[PDB]
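S.K.:
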Amino acid sequence: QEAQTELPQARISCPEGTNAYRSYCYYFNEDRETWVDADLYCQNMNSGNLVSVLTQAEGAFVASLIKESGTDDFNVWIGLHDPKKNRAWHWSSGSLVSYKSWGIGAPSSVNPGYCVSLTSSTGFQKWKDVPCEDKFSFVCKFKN
Ligand SMILES: *[C@H]1O[C@H](CO[C@]2(C(=O)O)C[C@H](O)[C@@H](NC(C)=O)[C@H]([C@H](O)[C@H](O)CO)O2)[C@@H](O)[C@H](O[C@@H]2O[C@H](CO)[C@H](O)[C@H](O)[C@H]2O)[C@H]1NC(C)=O
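Throughout the sequence shown, residue numbering follows the entry's author numbering, covering 1 to 144 in sequence.
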C-alpha cells in the first residue's frame, strides 16, 4: 500500500521494432531456426513465446505484420505443436486452442509433421504441419 499510481508509458507502449495488439507486443524475426530454437529465442527476450493465434482477428494482425516486413519467405513458425505425436495440438505458451486455420490437406496423416507454420501461398493466414527440424523465420509474442 505504498505506490498506488498510474502505469508509466513503458507498460502501455511496445519497444522499437515491436508492434502492439490488445495488450501484447509482437515481432517477426527473419533468422532461420528450428522450432525449438525459435521458441527459446522468444522466451529469452522479455519472456515471450512463439506466437499463439487465439482469434481470427489475431491471425489477421499477424499476417499483416509478416506482409509489412517485405519478406520473401515461404514458411513462418507459430507456436503450435504435437508433442506426443498423437495429433493432439498444444500452444507452447500453454493457452487453449480456441481458433484453428488449417490449409487444404492439413494436418496430414500420410506424412505427418509435428510443428506448424504459416504459408505465403495463403497470405500467411493458413497453417501447415511440417517437420520440427526445418529452419524457418518466426513470430514472437510477449506481454506488455
Ligand atoms: C506509479 O508511480 C509511482 C511513482 O510515483 C510519483 C513519485 O512519487 O515518484 C508520484 C508523483 O505524483 C509523480 N509526479 C508527477 C508530476 O507525475 C511521479 C512521476 O510520475 C515519476 O517520477 C515519473 O517522472 O511518480 C511508481 O514508481 C509506481 O510504481 C511501483 O511502486 C510499487 C511500490 O510501492 C511497486 O514497487 C510496483 O511494482 C512498482 O511498479 C507506479 N505504479 C505502477 C503500477 O507503475
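Positions of the beta carbon are idealized from the N, C-alpha and C atoms, including for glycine.
#1: Find the nearest neighbour of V130 within the set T122, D39, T34, judged by alpha-carbon distance.
#2: With distances taken Cα to Cα, identify the nearest neighbour of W127 among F142, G113, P8, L118.
#3: Following a CB-centred definition, is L80 positioned closer than 6 Å to any heavy atom of ligand 1?
#4: Within the continuous beta strand (DSSP E) that includes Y21, where are the two ends?
#5: Using CA coordinates, which residue listed in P8, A10, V116 is at the minimum distance from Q125?
#6: In chain order, what are the residue ranges of uninterrupted alpha helix (DSSP H) at least 4 long that sit wholly in the region 38-84?
#7: Pick out every residue whose C-beta is nearer than 7 Å to a heavy atom of ligand 1: which are they, in chain order?
#8: Counting beta carbon pairs with one atom in the region 51-60 and one in the region 75-93, are three or more of them shorter than 8 Å?
#9: Between the C-alpha atoms of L65 and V76, what's the straight-line distance to the nearest angstrom?
#10: Taking the Cβ atom as the reference point for each residue, do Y114 and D134 lie within a distance shorter than 7 Å?
M.R.: Quick look at the numbers:
#1: Within the sequence shown, the letter at position 130 stands for residue 130. The shortest Cα separation from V130 among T122, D39, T34 belongs to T34.
#2: The residue you call residue 127 lines up with position 127 of the sequence shown. Per the Cα distances, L118.
#3: Looking up residue 80 in the sequence shown gives position 80. Every heavy atom of ligand 1 is 6 Å or more from the Cβ of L80, so no.
#4: For the purposes of this step, residue 21 is identified with residue 21 of the sequence shown, where counting begins at 1. Per DSSP, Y21 belongs to the beta strand (DSSP E) from 19-21.
#5: Along the sequence shown, one-based indexing puts residue 125 at 125. Looking at the Cα atoms, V116 is the closest of the given residues.
#6: 56-68
#7: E2, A3, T5, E6, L7, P8, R11
#8: yes
#9: Stepping through the sequence shown from its first residue, residue 65 is reached at position 65. Stepping through the sequence shown from its first residue, residue 76 is reached at position 76. Going by the C-alpha atoms only, they are around 12 Å apart.
#10: Your numbering for residue 114 matches position 114 in the sequence shown. Your numbering for residue 134 matches position 134 in the sequence shown. The answer is no: Cβ separation not under 7 Å.
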